[PDB]
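*Asks:* The structure's right below; bear with me while I get my questions together.
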Amino acid sequence: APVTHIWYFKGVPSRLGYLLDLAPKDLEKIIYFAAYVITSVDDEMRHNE
Amino acid sequence: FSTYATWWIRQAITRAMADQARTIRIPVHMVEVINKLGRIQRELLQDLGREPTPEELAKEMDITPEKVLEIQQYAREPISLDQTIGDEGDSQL
Amino acid sequence: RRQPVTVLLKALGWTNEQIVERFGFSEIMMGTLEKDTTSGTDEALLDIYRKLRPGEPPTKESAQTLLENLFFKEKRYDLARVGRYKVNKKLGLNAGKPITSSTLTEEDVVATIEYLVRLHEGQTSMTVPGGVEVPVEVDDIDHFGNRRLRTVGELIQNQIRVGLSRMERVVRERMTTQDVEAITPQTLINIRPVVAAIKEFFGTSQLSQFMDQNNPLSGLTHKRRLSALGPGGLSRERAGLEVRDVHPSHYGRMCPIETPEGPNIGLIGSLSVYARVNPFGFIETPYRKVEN
Amino acid sequence: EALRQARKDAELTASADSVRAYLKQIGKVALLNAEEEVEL
Amino acid sequence: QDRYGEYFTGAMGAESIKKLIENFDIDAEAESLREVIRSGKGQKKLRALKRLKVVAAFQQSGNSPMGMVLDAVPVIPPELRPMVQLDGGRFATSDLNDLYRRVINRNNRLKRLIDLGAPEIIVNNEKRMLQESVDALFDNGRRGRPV
Amino acid sequence: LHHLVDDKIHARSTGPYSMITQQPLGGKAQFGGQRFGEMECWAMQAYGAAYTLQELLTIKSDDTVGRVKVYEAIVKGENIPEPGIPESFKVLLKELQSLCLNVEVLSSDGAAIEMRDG
Amino acid sequence: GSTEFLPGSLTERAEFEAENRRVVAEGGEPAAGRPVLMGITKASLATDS
DNA sequence: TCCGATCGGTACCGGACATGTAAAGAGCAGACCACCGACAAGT
DNA sequence: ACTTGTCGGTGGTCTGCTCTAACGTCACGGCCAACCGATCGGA
């Protein structure tokens with residue numbers, strides 16, 4: 001299973017957080033299996049049905 | 001379910017701890033012998049009142065008085081090269 | 001994190017009327033009580049439980065049991081005989097009674113809060129209800145009345161206590177697995193942890209050192225040495241220019257001359273010639289009483 | 001009321017320690033008394 | 001997931017971060033950050049500055065952000081983590097062997113759990129343990145308690 | 001006092017070395033060498049003595065081939081050969097690569113120089 | 001402006017002036033900078049190696 | 001604007017070293033080794 | 001006639017895999033305790 005590099009997540013400032021515009025708490029919740037994140041959503045299908 | 005489950009859970013935990021707990025792996029059939037020797041040593045220590053010599057362990061474990069030395073020498077765990085030697089934090093083994 | 005002390009007082013079973021009638025001599029306590037924004041007792045107890053143990057679903061009895069375990073039980077809190085004596089002397093509580101209990105009590109907490117508020121106001125005296133009047137003043141942590149001495153016996157006793165705790169854990173583990181009517185004292189007691197702890201202390205602890213044997217004076221001074229370093233003590237790096245000083249309370253108890261001149265200056269010393277040791281671990285010195 | 005909101009906030013806490021998170025997850029589900037095991 | 005199943009996709013763990021990076025567009029994000037910094041002001045401008053710093057750092061070089069998520073863990077040569085036999089028969093270790101052993105044990109257990117078909121709770125716990133083991137290998141103490 | 005020269009005097013030309021980084025040991029009880037720390041390096045740099053510093057760092061501590069070549073040259077009477085690459089730098093490069101860092105030495109052309117000489 | 005320097009960053013005066021000279025000729029609007037006093041630690045950590 | 005919290009740093013040489021526990025037990029099978037038969041074909 | 005390679009067997013030890021049916025169901029052992037300046041994420 002893929003594993004993130006500790007240097008680029010738990011750093012001050014966090015580089016993954018800056019790249020993805022995510023707060024460090026959100027990253028810690030996601031990558032340590034505490035919260036789900038929507039990777040993508042089909043907006044075209046939702047707007048039709 | 002709490003009886004069969006208990007049996008299987010205990011077996012799995014014990015077998016895994018026999019395998020994945022030593023830097024130098026020892027087979028389960030010898031980990032059992034080491035544990036038995038330790039238990040017999042504890043019982044002899046309680047009974048005699050002094051530290052039991054290899055002679056007593058040989059009689060109470062129905063093995064040769066030489067295999068006990070090999071068993072005790074297989075139980076050594078390697079030390080770490082990164083442990084501090086002095087009082088401050090500038091020296092290592 | 002910080003929480004107003006009124007929440008803690010209400011969680012201890014007190015009400016608004018109790019706080020008003022108890023701390024009615026002050027102003028900061030009233031201001032804190034007006035800004036508590038928490039009424040009743042259950043709400044404050046739930047807030048304390050949420051702050052102390054996040055992530056655990058709270059119930060009614062769990063918070064009370066947690067508070068009792070934290071402060072008012074012998075299992076996980078132990079103000080030792082030294083600590084009990086110091087608290088009694090400082091707050092003027094239980095004057096005369098023998099030192100039997102060794103745990104904190106609500107009376108001690110309320111006395112501490114009252115002492116703090118009266119010290120902040122500026123009063124130089126305070127009498128706890130059902131207590132003896134004591135002066136109100138700040139404490140110097142470097143005073144020799146606030147620094148005690150753990151001798152060899154106390155360190156060995158602590159190691160024996162650790163070993164006995166491990167042995168008790170093993171005994172409790174073995175009690176529920178063996179069959180009743182066949183359990184005997186010798187089939188439950190594993191003596192190995194106790195002797196292991198003693199050996200670990202004598203062979204690993206920083207306070208157990210090789211004897212100096214250059215000359216008789218080396219050994220004599222080695223046995224009379226007071227060290228501030230070790231388990232539960234300071235470190236040679238995390239110690240500023242405050243503890244490495246000759247306090248005026250060292251007269252007749254600690255020598256101001258004999259100390260290492262390297263990086264351990266002031267952290268190691270020697271007993272004076274006439275100095276003794278109290279049963280509580282404090283250092284006593286003799287004086288001749290004069291009259292008229 | 002306040003108790004339900006406190007419970008909901010407690011269940012949504014981060015709980016950075018892994019052991020605590022696993023204990024919460026296993027405590028989410030209930031047990032089986034005598035008969036549900038046979039059905040399963 | 002039950003009701004509106006075929007309308008979105010959600011993930012959990014480092015795979016989610018990998019997919020987000022795959023769908024990430026460096027050029028558009030950098031252009032938006034530049035527009036914000038040349039138009040906006042206040043506390044937004046400082047965050048735009050820092051984000052633009054990182055995004056332009058990734059854009060200038062020929063590398064890709066995908067290197068922040070690992071699919072393989074390199075292993076140092078044995079002579080830099082020696083297993084030597086001290087005189088008297090006692091051995092010695094370099095404290096890296098233990099970390100590598102933990103990583104390998106958790107990876108093998110994860111492989112077995114995935115092959116068996118264990119419930120998602122056990123698999124998620126094993127993946128979290130593998131992540132923690134790799135983090136302890138690279139930097140022991142940054143997150144959580146030291147091993 | 002218990003500070004006698006008999007317990008203080010120590011000298012070495014060649015002796016035991018370490019394992020990970022092929023540097024001489026330390027201490028009189030192990031026939032070790034004297035540390036040439038960072039302050040001494042600053043003093044040498046201020047003096048302008050480039051060759052003394054280079055030989056001290058390379059052919060007296062880490063250059064595995066250089067040490068034996070220097071000893072042979074001294075014994076046979078030839079000139080001291082040129083220094084090589086210290087082993088500590090290669091150890092550092094391996095430790096950096098083990099952290100998923102792509103450290104590579106580039107020549108003038110722009111290619112990569114392999115460190116697997118031998 | 002039309003330089004490759006990221007805004008808010010600290011750049012050498014020589015490089016900044018050279019870039020401005022290269023931009024004003026056969027280019028567009030140059031960048032504007034303001035002198036910065038830096039501590040010893042920050043200046044030593046801001047090196048090019 | 002104030003606000004807690006994490007994270008970085010703190011001179012040099014000389015010397016000095018190695019851990020303390022285990023709830024077990026059985027039945028079955030493959031592998032390698034130390035001892036041996038035949039047996040015709042090759043020496 | 002003696003040797004020699006392929007065939008087949010008995011017995012022994014080291015190593016690994018599988019199984020055992022009353023009922024049993026949500027971890028600890030423990031500090032931290034300097035003290036400075038810088039800085040990002042909150043309020």
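Chain lettering (A, B, ...) mirrors the order of the structure tokens, residue numbering begins at 1 for each chain separately, and ligand numbering begins at 1 in order of display.
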Using only C-alpha atoms and a distance of at most 12 Å, pull out the residues of chain A that contact chain F, as number ranges by chain.

*Replies:* A: 4-8

*Asks:* Just want the 10 Å neighbourhood of residue C:178, counted on only C-alpha atoms (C1' of nucleotides), with same-chain residues fewer than 3 positions away dropped. Output as a list in words.

*Replies:*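 These residues fall inside the cut-off: residues 173, 174, 175, 181, 182, 183, 187 and 188 of chain C; 23 of chain H.
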
*Asks:* What's around stretch 3-14 of chain B at 8 Å? Count only C-alpha atoms (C1' of nucleotides), leave out sequence neighbours fewer than 2 positions away in its own chain, and write the answer as number ranges by chain.

*Replies:* B: 1, 16-18; I: 20-21, 23-24

*Asks:* If we count only C-alpha atoms, which residues of chain E reach to within 9 Å of chain F? Please list them as a ChimeraX atom specification.

*Replies:* /E:67,70,73-77,79-82,138

*Asks:* Where does chain D meet chain B within 10 Å, residue by residue, with the nearest atom pair and distance in Å to one decimal for each, counting only C-alpha atoms, listed by chain and rising number, as a Markdown table?

*Replies:*
| residue | atom | partner | partner_atom | distance |
| --- | --- | --- | --- | --- |
| D:32 | CA | B:1 | CA | 9.8 |
| D:34 | CA | B:1 | CA | 9.3 |
| D:37 | CA | B:1 | CA | 7.5 |
| D:38 | CA | B:1 | CA | 9.3 |

*Asks:* I'd like the contact shell of residue A:23 - 12 Å cut-off, only C-alpha atoms (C1' of nucleotides), skipping same-chain residues fewer than 4 positions apart - returned as a list in words.

*Replies:*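 Using only C-alpha atoms (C1' of nucleotides), the neighbours found are residues 9, 10, 13, 14, 15, 16, 17, 18, 19, 27, 28, 29 and 30 of chain A; 40 and 41 of chain I.
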
*Asks:* Could you write out as a list in words the residues of chain D within 12 Å of chain A, counting only C-alpha atoms?

*Replies:* residues 11, 12, 13, 14, 15, 16, 17, 18, 20, 21, 22, 24 and 25 of chain D

*Asks:* For atom CA of residue C:29 and atom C1' of residue I:43, determine how far apart the two atoms are, in Å to one decimal place.

*Replies:*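 It comes out at 24.9 Å.
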
*Asks:* Compute the set of chain I residues within 10 Å of chain D, using only C-alpha atoms (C1' of nucleotides), and express it as a PyMOL selection string.

*Replies:* chain I and resi 25-27
